[PDB]
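A.B. asks: Sharing a structure below in C-alpha cells format, with a few things to ask.
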RNA sequence: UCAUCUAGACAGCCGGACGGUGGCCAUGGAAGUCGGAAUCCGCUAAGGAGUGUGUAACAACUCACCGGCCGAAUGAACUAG
Ligand SMILES: [Zn+2]
C-alpha cells in the first residue's frame, strides 16, 4: 500500500521528437504535429537521454497509479499515430434496400449524406472534423476507410456514424443492416 | 459396409436419398477383410477374439484407441480380436 | 417522403445490444453475480457485427 | 518424468521417421467436416495446434523432430500444430465409391446462389413452422402445382446466422455449404 | 484460510465421438430414452452412450489433465471498516 515511487518507461524513435511545457505536451514528426493538455492528474516526466522518457508518480492509491499507465497509453498511442498514421476500414451491409452514401461540401463544411436506409426519404446527415480524410475504397464493394494522424477524432467520427445508422420499432435480431467498423490499422506497415 | 455406424460428416451432391452406410470411421477394416458383413449380424455381437489379420498394425497401435502401447503381451490378447467383427463361427464367450 | 421530425422521435431510443443464438437468451454487459433473481446478470460481453 | 514419456518418449520416439506435411488452419469451418476426412483412416490424425513448452524443450534439447519445419521460423505466435500423418490422396476417388448418405452440415449457413427447389408431395401433416411473419414465403397450392407469389432474399455472405430457421425447410438430405478448400500446405520432403 | 512459482504455470488459437451410441413393447420396416429402469470397463497426451439434441429416432454439429516465445507474482474461498 502507498507505492512511494512508481514509474514506467516510454521509448521514442530518433526521427520524431516531443516538447513538454509545464502541463501541455506537443509531439512533432514527419507526418505532422500534435498537441494535448494534461491538466487531469499531474504526474512527473523525466528525460534520460533523447530516447527514454520516464513517466513517474509518488505516493498514491491504485486509483492514483492507474492514471500513470493510462497516460502512458495515451502518449505512446498518439506518438504512434503521428509517426505511423491510423486507419479504420468499415463496411456496409444491406438486406433488400441498398444504401446510398455520398460526400457533399458546402460553406467549407464537408458533410456526409446517407440515403435509402430502410426506406427513409429525408436526409441522414453527419459532419466530419479536421485532421482526417476519407476515400471510397476502389476495387472492393461496400466499404469505406477513414485515415488520419490522431485517434480520438477518427474513432469518435467512426463511432458517430455507426451509431447514427441505427433503427428502432422493427424486429430486434432479423434486421442487421447498417455500418460498422471492420479493420483497425496504420497508413504504413511494420514501421 | 456394416449395420454399425459411427459419427461422420462429409460432402453431398446429386440429390441423394438411400439407406446405406454413411462411410463411418472404421470401414478400412471392412475393406481389408472379406467382403461379406451385412449378414449374420442381427443381434449376435461378439465381444471376444484373439485374431491378427494384417501385419501393418504398428501404425494402428498409435492412436487408434491404442491397445497395449508398451506391453506386447498383456492386453493385446484381450483387445485384438475382441475389437474385431470378422466372423461368428462359434459363440461360447462374450 | 418522411421527415426527420417524425423519423427521429420514432427511432430515438435504445434498441442496440448483442444477440443470442442457442436458447433464445442474451445477457447484458454489466456483472454483479449469477443469473438468478437473488443475483442476476452474468459477466458475458463481446462485440457485435452490426448493432441490434 | 512419469506421464510425459507417453507423448514424447513413446509416440514421437516410435514415429520419428516421418517426412509428410499437412498444414491446415481451422479459421471458421465446421470442425467435424475436416476432422472426419483427416480421419476415416482413423487412428492416424490428431490436431495439435500447440502451446509454449519450448523452454522445457530446449532444457531437454535432443529432439530433431521435424527438420523440414524451417520455413516459418519467425512465426512464434500461435504456431501451427505438430500433427503426424502420412496418408495418401489417391484413395477417395477410387477406393470409396457411392456413399451419398453422409450427414448434412450445420444447416443454417449462407448459400452461394439464390435457388428455390421444387417440393414434391409426401403425405405428412404440417409441423411447427408458424414463424415467418418477418419476411415469409408467399406460396399457393393447387394439388401439387405450387405457385410462388413473391421472392425473398434473406442474407449475403459475411454475416452470422439466425437461431430458429433450420427445422423443416431443407428436407432433401443435402449438405448446404461444405464445398470449399481450406489448407495451408500439403508437402512431402 | 487453501493450494503453485527462478525444476519458470496464468491472460496472445485448437480438437478429442474404438465396442457398447445399430440397448426393450401380440416374428412386411424403429440407427445414442414421444408413453418407463442404467450410466463402466480393456484401453490408461488423443480416445464421451452426455447441459441443448431437423421428416412424430432412419440422413445428428459444437466442448473437457496434451501440446509453439518472452520473463515474475499470480489463483481460489471467506472475514469487517
Ligand atoms: Zn444467477
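A.B. asks: With the condition kept exactly as written, say whether any residue in the range D:70-83 is within 14 Å of chain B (Cβ to nearest Cβ) and touching a residue at least 40 places away in the same chain (Cβ under 8 Å).
C.D. replies: yes
A.B. asks: Kindly indicate which of A:125, A:100 is within 24 Å of residue D:159 (Cβ to Cβ) and over 19 Å from the mean Cα position of the chain (by Cα).
C.D. replies: A:100
A.B. asks: Separate question: Does residue D:155 meet the test of being away from chain B (no Cβ under 12 Å), in a loop (DSSP other than H, G, I, E, B), away from RNA strand E (no atom under 16 Å from the Cβ) and surrounded by 10 or more Cβ atoms within 10 Å (Cβ to Cβ)?
C.D. replies: Yes; evaluated as a whole, the condition is true for this residue.
A.B. asks: Of (1) within 14 Å of chain D (Cβ to nearest Cβ); (2) surrounded by fewer than 13 Cβ atoms within 10 Å (Cβ to Cβ), residue B:67 satisfies all except one. Which?
C.D. replies: Status for residue B:67: all satisfied but (2).
A.B. asks: Let me ask another. Can you tell me which residue in the range B:73-83 is nearest to the other protein chains (Cβ to nearest Cβ), limited to those that are assigned to a loop (DSSP other than H, G, I, E, B) and closer than 23 Å to residue D:46 by Cβ?
C.D. replies: Looking at residues that are assigned to a loop (DSSP other than H, G, I, E, B) and closer than 23 Å to residue D:46 by Cβ, I get B:83.
A.B. asks: Continuing with this model, one more query. All but one of (1) more than 13 Å from chain C (Cβ to nearest Cβ); (2) within 13 Å of the chain's Cα centre (by Cα) hold for residue A:191; state the number of the condition that does not hold.
C.D. replies: Going through (1) more than 13 Å from chain C (Cβ to nearest Cβ); (2) within 13 Å of the chain's Cα centre (by Cα) one by one, residue A:191 breaks only (2).
A.B. asks: Assess whether residue D:100 counts as being more than 19 Å from residue A:174 (Cα to Cα), free of Cβ contacts under 8 Å to residues at least 24 places away in the same chain and surrounded by 13 or more Cβ atoms within 10 Å (Cβ to Cβ).
C.D. replies: yes
A.B. asks: More than 10 Å from chain C (Cβ to nearest Cβ) and in contact with a strand residue (DSSP E or B) (Cβ under 7 Å, 6 or more places away or on another chain): which single residue out of A:105, A:152, A:135 fits that description?
C.D. replies: Every option except A:135 fails the conditions.
A.B. asks: Only residues that are in contact with a strand residue (DSSP E or B) (Cβ under 9 Å, 6 or more places away or on another chain) and closer than 16 Å to residue D:109 by Cβ: list them for the range D:156-189, please.
C.D. replies: Matches in the range D:156-189: D:156, D:158, D:159.
A.B. asks: Mind checking which residues of the range B:6-27 are closer than 22 Å to residue D:170 by Cβ, surrounded by 13 or more Cβ atoms within 10 Å (Cβ to Cβ) and within 6 Å of RNA strand E (Cβ to nearest atom)?
C.D. replies: Once the filter is applied, which keeps residues that are closer than 22 Å to residue D:170 by Cβ, surrounded by 13 or more Cβ atoms within 10 Å (Cβ to Cβ) and within 6 Å of RNA strand E (Cβ to nearest atom), the range B:6-27 yields B:8, B:9, B:22.
A.B. asks: Residue by residue through the range C:27-43, note down the ones that are within 15 Å of the ligand (Cβ to nearest atom) and surrounded by 10 or more Cβ atoms within 10 Å (Cβ to Cβ).
C.D. replies: Matches in the range C:27-43: C:27, C:28, C:30, C:31, C:33, C:34, C:35, C:39, C:40, C:41, C:42, C:43.
A.B. asks: Within the range A:29-70, considering only strands (runs of 3 or more DSSP E) that don't extend past its boundaries, which have at least 2 residues that are in contact with a helix residue (DSSP H, G or I) (Cβ under 8 Å, 6 or more places away or on another chain)?
C.D. replies: Hits in the range A:29-70: A:33-37, A:52-57.
A.B. asks: Another question, if that's okay. Looking at the range C:21-44 only, could you name the residues that are at positive phi and either at the interface with chain A (Cβ under 10 Å from one of its Cβ atoms) or within 16 Å of RNA strand E (Cβ to nearest atom) (or both)?
C.D. replies: Within the range C:21-44, C:24 is the sole residue that qualifies.
A.B. asks: If you don't mind, another one. Within the range B:33-51, is even one residue near RNA strand E (Cβ under 7 Å from one of its atoms) and either free of Cβ contacts under 8 Å to residues at least 24 places away in the same chain or in contact with a helix residue (DSSP H, G or I) (Cβ under 9 Å, 6 or more places away or on another chain) (or both)?
C.D. replies: Checked against the condition, which is being near RNA strand E (Cβ under 7 Å from one of its atoms) and either free of Cβ contacts under 8 Å to residues at least 24 places away in the same chain or in contact with a helix residue (DSSP H, G or I) (Cβ under 9 Å, 6 or more places away or on another chain) (or both), the range B:33-51 yields at least one hit.
A.B. asks: Do the conditions hold for residue C:18, that is, is it surrounded by 13 or more Cβ atoms within 10 Å (Cβ to Cβ), closer than 24 Å to residue D:108 by Cβ and within 14 Å of chain A (Cβ to nearest Cβ)?
C.D. replies: yes
A.B. asks: Does residue C:22 satisfy the condition of being in a loop (DSSP other than H, G, I, E, B) and either more than 14 Å from the chain's Cα centre (by Cα) or within 16 Å of the ligand (Cβ to nearest atom) (or both)?
C.D. replies: In short, yes.
A.B. asks: Another question, then. Of C:27, C:51, C:9, C:45, which residue is touching a strand residue (DSSP E or B) at 6+ places or on another chain (Cβ under 8 Å) and either under 23 Å from residue A:178 (Cα atoms) or in contact (Cβ under 8 Å) with a residue 12 or more places away in the chain (or both)?
C.D. replies: C:51
A.B. asks: Which residue pairs have Cβ atoms under 9 Å apart, sit 6 or more places apart or on different chains, and have a first residue in the range D:27-45 that is farther than 27 Å from residue D:158 by Cβ and a second that is part of a helix (DSSP H, G or I) and within 6 Å of RNA strand E (Cβ to nearest atom)?
C.D. replies: D:45/D:35
A.B. asks: Does residue D:111 count as near RNA strand E (Cβ under 7 Å from one of its atoms), more than 29 Å from residue B:57 (Cβ to Cβ) and in a loop (DSSP other than H, G, I, E, B)?
C.D. replies: Taking the combined requirement at face value, the residue does not satisfy it.
A.B. asks: Here is a further query. At positive phi, without any contact (Cβ under 8 Å) to a residue 12 or more places away in the chain and away from the ligand (no atom under 16 Å from the Cβ), is that true of residue B:61?
C.D. replies: Spelling it out, it is not the case that residue B:61 is at positive phi, without any contact (Cβ under 8 Å) to a residue 12 or more places away in the chain and away from the ligand (no atom under 16 Å from the Cβ).
A.B. asks: Can you tell me which residue is farthest from the other protein chains (Cβ to nearest Cβ) among those in the range B:28-39 that are surrounded by 10 or more Cβ atoms within 10 Å (Cβ to Cβ) and assigned to a loop (DSSP other than H, G, I, E, B)?
C.D. replies: B:36
As a convention, Cβ positions derive from the backbone with ideal geometry for all residues, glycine included, and neighbour counts pool all protein chains shown. Since every read-out is calculated from the coordinates, none of them should be taken as a lab result.
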